[PDB]
Amino acid sequence: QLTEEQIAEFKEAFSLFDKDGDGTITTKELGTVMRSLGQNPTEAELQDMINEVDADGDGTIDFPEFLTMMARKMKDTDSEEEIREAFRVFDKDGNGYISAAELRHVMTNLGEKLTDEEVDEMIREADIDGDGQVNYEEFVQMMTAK
Ligand SMILES: [Ca+2]
Ligand SMILES: [Ca+2]
Ligand SMILES: [Ca+2]
Ligand SMILES: [Tb+3]
Numbered sequence: 004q005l006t007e008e009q010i011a012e013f014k015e016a017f018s019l020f021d022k023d024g025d026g027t028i029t030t031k032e033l034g035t036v037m038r039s040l041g042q043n044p045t046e047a048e049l050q051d052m053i054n055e056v057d058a059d060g061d062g063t064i065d066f067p068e069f070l071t072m073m074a075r076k077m078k079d080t081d082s083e084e085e086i087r088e089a090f091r092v093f094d095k096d097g098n099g100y101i102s103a104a105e106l107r108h109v110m111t112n113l114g115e116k117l118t119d120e121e122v123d124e125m126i127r128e129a130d131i132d133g134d135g136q137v138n139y140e141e142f143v144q145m146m147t148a149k
């Protein structure tokens, strides 16, 4: 069921959530990444999210706890319903077009440090008209063909 390739992609996320890297994920660290994802969860909401895999009585999300969680949540290529939700994250201008500048802003905020050329490569990957901007149609385009 769980392949090595999937585990490697999950471990990357765990390393992003852990700010000090103590092995567990508190509500503070959990809400830091969720904030840059266009979401705004409260203290009470962040607590319930942790309880999903918390059954040892620690109130945090350890390494094996997150791995199991990301396995049942991250399904790689999601449906169109979730695709629209993530599309509005990279497009903070709400115009429907995601340029290089916009994309690089969200990437750096997420914690992924990249250069300008790296962003231009991701943009042209989903771009069908080669205009530097990626709309909703082009967003799904990269989910069906790289
Ligand atoms: Ca940590
Ligand atoms: Ca925009
Ligand atoms: Ca376009
Ligand atoms: Tb725990």
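First residue of the sequence shown? That's 4 in UniProt numbering, and the numbers climb one at a time after it.
Ideal placement from N, C-alpha and C gives every residue a C-beta, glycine not left out.
- Taking a cut-off of 8 Å on C-beta distances, the segment 130 to 137 does not touch the segment 59 to 69, as fewer than three cross pairs fall below it.
- Your pair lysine 22 and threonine 35 checks out as a contact, with CB atoms roughly 7 Å apart and the cut at 8 Å.
- Taking a cut-off of 8 Å for Cβ pairs, the segment 8 to 16 and the segment 62 to 75 touch, as three or more such pairs fall below it.
- The three-state secondary structure of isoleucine 126, taken from DSSP, is helix.
- Sixteen is the threshold: since fewer than 16 other Cβ atoms of the shown chains lie within 10 Å of the Cβ of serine 18, the residue is exposed.
- Beta-carbon to beta-carbon, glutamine 144 and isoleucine 131 are separated by about 6 Å, close enough to satisfy the 8 Å threshold.
- Annotated three-state conformation of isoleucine 131 is coil, per DSSP.
- A distance of 8 Å or more separates the beta carbons of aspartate 119 and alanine 129.
- Within the model, the alpha-carbon separation for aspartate 79 versus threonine 6 is close to 13 Å.
- Inter-residue distance for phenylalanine 93 and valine 109 is about 6 Å (C-alpha atoms, whole angstroms).
- Residues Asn112, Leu113 of the same chain have their beta carbon placed closer than 7 Å to that of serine 39, with the five preceding and five following residues left out of the count.
- Taking a 10 Å sphere around the C-beta of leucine 117, we find fewer than 16 other C-beta atoms and assign the residue as exposed.
- Between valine 122 and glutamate 83, the alpha-carbon positions lie close to 24 Å from each other.
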